[PDB]
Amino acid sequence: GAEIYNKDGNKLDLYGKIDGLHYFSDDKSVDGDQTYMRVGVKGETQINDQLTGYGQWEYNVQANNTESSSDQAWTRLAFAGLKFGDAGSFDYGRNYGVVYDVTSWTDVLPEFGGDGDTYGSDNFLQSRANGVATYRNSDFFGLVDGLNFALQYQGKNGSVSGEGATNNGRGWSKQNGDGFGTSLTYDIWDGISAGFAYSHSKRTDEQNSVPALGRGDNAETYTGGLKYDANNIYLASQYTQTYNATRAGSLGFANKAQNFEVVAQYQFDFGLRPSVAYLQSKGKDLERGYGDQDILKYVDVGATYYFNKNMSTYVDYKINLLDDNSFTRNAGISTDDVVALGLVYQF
């Protein structure tokens, strides 16, 4: 929120949070202080009766390391766009891939869940992504209320150097070729929603040569989700089947994967919101003798207390069900439990 400017048809909204956060875990790469902050600007300019221009930026600033540490801040979102009334909207930039239009329904845990679990950022069109052009349509041209669809194109983001390069090169794990995706969601009743999403991206030559795991020309996702949100109850599930698109930790990609997330929450009137969730990711046909493997498997229990719209506190308990094996060790996949405590100021 925090509208700091509204004058002559132009609006500026400064938003963010300061999340004082500690993790407790036997996993030493996760354990300890996790304090961070986010700061953002949402901007809007009226051009004419039918046309609005807009932009948005969101920055993540870690505060859990020293004043001499490196790489402590990064851009989550940065895009500019036009809204054409009910003919739709178009924006280009670093934005969410459309698959998250459905998987976001389960991204509601007090602390865990979302990107980093069954999917990641810079992971084709599953979460935040460089260089997405996104068309969105509301209520199917003002005709069918509650029916939303989106169409998305992403240009190649390639290697640092050599034949596969682009200006903005990165590691094979965060590369993509040309790709597209589409999402569709419908509020069948009030409170109840269904949704589908699909994506198709070319893979790069580095993705097919450098890591040992995952081979194929194309990465694909198919997602279906359901959501109940009403009477102080929140239930949601997401099922996603992927091809060459799910990270098998640090070792590469899974040729096939099946991802499942489900969550249930209740909002009490005095501000407490308990939460229980289950998440799994099942990888199939992995090279080097790995075969079928659990990529992710945990039960999540926790709660958030909302003091008001600007302040909350929370605990989250990740009960890790993975068995420690040679795949989990070599891929860097944590098999330990984790508790999180946080105190959050939001603006």
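Numbers for residues come from their place in the sequence shown, where the first is 1.
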With B-factors read from the PDB entry, the higher C-alpha mean of 65-73 and 44-52 is in 44-52
Stretch with the greater mean C-alpha B-factor as recorded in the entry, comparing 335-343 against 7-15
7-15
Name the residue from 113, 146, 171, 93 with the greatest C-alpha temperature factor listed in the entry.
146
Checking the entry, which one of 244, 103, 123, 130 has the top C-alpha B factor?
244
Per the entry's values, where does residue 260 land by CA temperature factor relative to the rest of its chain, in the lowest, middle or highest third?
middle
When the modelled residues of the chain are sorted by Cα temperature factor, does residue 58 land in the lowest, middle or highest third?
lowest
Considering only modelled residues of the same chain, in which third does the CA B-factor of residue 33 rank: lowest, middle or highest?
lowest
With respect to C-alpha B-factor, does residue 191 fall in the lowest, middle or highest third of the chain as deposited?
highest
Determine, from the deposited record, the chain-internal third of the Cα B-factor for residue 293: lowest, middle or highest.
middle
